[PDB]
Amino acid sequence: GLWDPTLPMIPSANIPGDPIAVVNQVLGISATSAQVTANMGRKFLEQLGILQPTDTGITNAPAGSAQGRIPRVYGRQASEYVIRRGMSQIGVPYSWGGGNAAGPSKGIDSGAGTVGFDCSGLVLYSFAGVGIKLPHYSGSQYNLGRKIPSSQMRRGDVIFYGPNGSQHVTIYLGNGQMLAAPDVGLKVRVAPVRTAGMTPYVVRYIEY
């Protein structure tokens, strides 16, 4: 019962730090996921009419806090933007280690030749659109945000599997459906929530 037995029963891809997300060989520029995330967060705060000169664009709450940068009155809007980002990626192939704040990417190790997403990649891409910066490893994502009992998961919360949430991570859509790419040969999809191997808590990154 520790793992979801429909997927490889191993910790998932773990990419350290703040990878390069954007390389433009013609202008001679590049930028990392956190750069892209901060820019998107500032744009989103400006779209809400609340950008301040002190805003970096990074909008995460301190881990465990129910108070973060985006006001609760705007959280449903933020959550729906995150969900729209992710749903826009339906059909993109699975790649082990795939994805960054800018979009699908090449993976690592066996995924090195395949441009796509893994769950943690897709989660970090989708949340980055409102300035929520997450590491590219499901285990480390599980240690951020605020825990909600899995029985109370709500649309926009993030579902984790395996010990320490290391096996797989998906975005909950409500109505018993979740969004992720599962494994090789498959693509980002909407699928029924699976309870086998589910951690006892989901994580909420956006309050509303």
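The first residue of the sequence shown is number 1, and the count goes up from there.
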field: Average Cα temperature factor in the PDB entry - higher stretch of 8 to 16, 187 to 195
entry: 8 to 16
message: Highest mean C-alpha temperature factor of the two stretches 26 to 34 and 147 to 155, which is it?
response: 26 to 34
query: Looking at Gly165, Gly41, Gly176, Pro62, which has the highest Cα B-factor in the entry?
result: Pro62
statement: Of the residues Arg72, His136, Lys133, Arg85, the one whose Cα carries the largest B-factor in the deposited record is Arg72
query: Which third, lowest, middle or highest, does the CA B-factor of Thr54 fall in along this chain?
result: highest
- prompt: Ranked by Cα temperature factor within the chain, is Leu122 in the lowest third, the middle third or the highest third?
  reply: lowest
task: Sort the modelled residues of this chain by their C-alpha B factor and say whether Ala181 lands in the lowest, middle or highest third.
output: middle
query: Going by the entry, which third of its chain does the Cα temperature factor of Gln67 land in?
result: highest
- request: Report the third (lowest, middle or highest) to which the CA temperature factor of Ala112 belongs, ranking only the modelled residues of the same chain.
  value: highest
